[PDB]
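**Student:** I need the structure of the sequence given here:
(chains A and B)
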Amino acid sequence: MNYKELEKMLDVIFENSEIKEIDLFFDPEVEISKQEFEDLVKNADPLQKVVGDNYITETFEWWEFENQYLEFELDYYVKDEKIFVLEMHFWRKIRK
Amino acid sequence: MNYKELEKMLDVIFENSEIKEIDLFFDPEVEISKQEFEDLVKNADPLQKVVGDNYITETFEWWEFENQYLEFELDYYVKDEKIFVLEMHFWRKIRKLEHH
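**Tutor:** Numbers count the residues shown, from 1 in each chain, chains lettered A, B, ... in the order given. And now the structure:
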């Protein structure tokens, strides 16, 4: 699965506000380049990064409208100059 | 959310075998016509349909290759001849040969 196919999924998640929550699990892990990862979280606000034993979990958010943000979390690890994505999660949340 | 957008998401799930599981929750519910629904499950094998008090849960599967299948389940309810989808789940499952 190339980053381009992932971008097609992201278009659907971002562009349809009725998607309250979506969870994606990959097996094998999806491989993307350093640039694609920075492109992936382009214009997002980095929230938390947790260096786990086996993988890193990072959270980001994009403002959508009003006080509603699209939150994004992924588990991944780094090897031989590539990012291996275990899973992705998006949820629309209202900030207090 | 238009049926084309839903169809766009399915094309990705179908064409990328690395997608082991996908869970989608809608709020508000996504409304599709009965024709769109049948088009959605065009070549799938119906596996189960459960009519509960508040919504229907229907499950389908498509054979992919060998003993590997793509399972699809959704919760929906019917009003004025239209289908309101609450949630969808997809998962790739291996149906193993069993019992000695």
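
**Student:** now for the longest helix seen in chain A, which elements pack on it?
**Tutor:** The longest helix of chain A (DSSP state H) is helix A:3-15. Secondary-structure packing of helix A:3-15 (3 or more Cβ pairs under 8 Å, 6 or more residues apart in numbering or on different chains; DSSP states H and E): strand A:19-32, helix A:34-40, helix B:3-15. Just so you know, the C-beta spots here come from the backbone N, C-alpha and C atoms, and that holds for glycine as well.

**Student:** pull out the buried positions in the second one.
**Tutor:** In this case it means helix A:34-40. Using 16 or more other Cβ atoms under 10 Å in any protein chain shown as the test for burial, helix A:34-40 gives A:36, A:37, A:40.

**Student:** surely the first one and residue A:3 touch.
**Tutor:** This means residue A:36. Yes: between residue A:36 and residue A:3 there is a contact at 4.1 Å, judged by Cβ atoms under 8 Å.

**Student:** how about the residues of chain A near chain B?
**Tutor:** A:1, A:5, A:8-9, A:11-12, A:15-16, A:18-30 (Cβ under 8 Å from any Cβ of the partner chain).

**Student:** can you rerun that using 10 Å?
**Tutor:** A:1-2, A:5-13, A:15-31, A:85, A:87-92 (Cβ under 10 Å from any Cβ of the partner chain).

**Student:** now, of the residues you listed, which are buried?
**Tutor:** Listed as buried from the residues of chain A next to chain B are A:1, A:6, A:9, A:12-13, A:16, A:18-19, A:21-26, A:29-31, A:85, A:87-92; burial here means 16+ other Cβ under 10 Å.

**Student:** what residues are up against residue A:48?
**Tutor:** Residues near residue A:48 by Cβ atoms under 10 Å, 6 or more residues apart in numbering or on different chains: A:57, A:58, A:59, A:60, A:73.

**Student:** ok, residue A:52 to residue A:78 distance?
**Tutor:** Using Cβ to Cβ, to the nearest Å, residue A:52 is found at 12 Å from residue A:78.

**Student:** show me which of those two is the more surrounded one.
**Tutor:** More crowded of residue A:52 and residue A:78, by other Cβ atoms under 10 Å in any protein chain shown: residue A:78, with 12 against 9.

**Student:** that one reaches residue A:33, doesn't it?
**Tutor:** No: applying Cβ atoms under 10 Å, one finds residue A:78 not in contact with residue A:33, separated by 11.4 Å.

**Student:** residues contacting the residue nearest to residue A:70 when sequence neighbours are not counted?
**Tutor:** Nearest residue to residue A:70, sequence neighbours excluded (Cβ to Cβ, 6 or more residues apart in numbering or on different chains): residue A:62, at 4.7 Å. For residue A:62, the contacting residues are A:14, A:41, A:42, A:43, A:44, A:45, A:69, A:70, A:71, A:72, A:90, by Cβ under 10 Å, 6+ apart.

**Student:** phi, psi of the second one?
**Tutor:** I take that to be residue A:41. Taking degrees, to the nearest 10, you get phi -100, psi 30 for the backbone angles of residue A:41.
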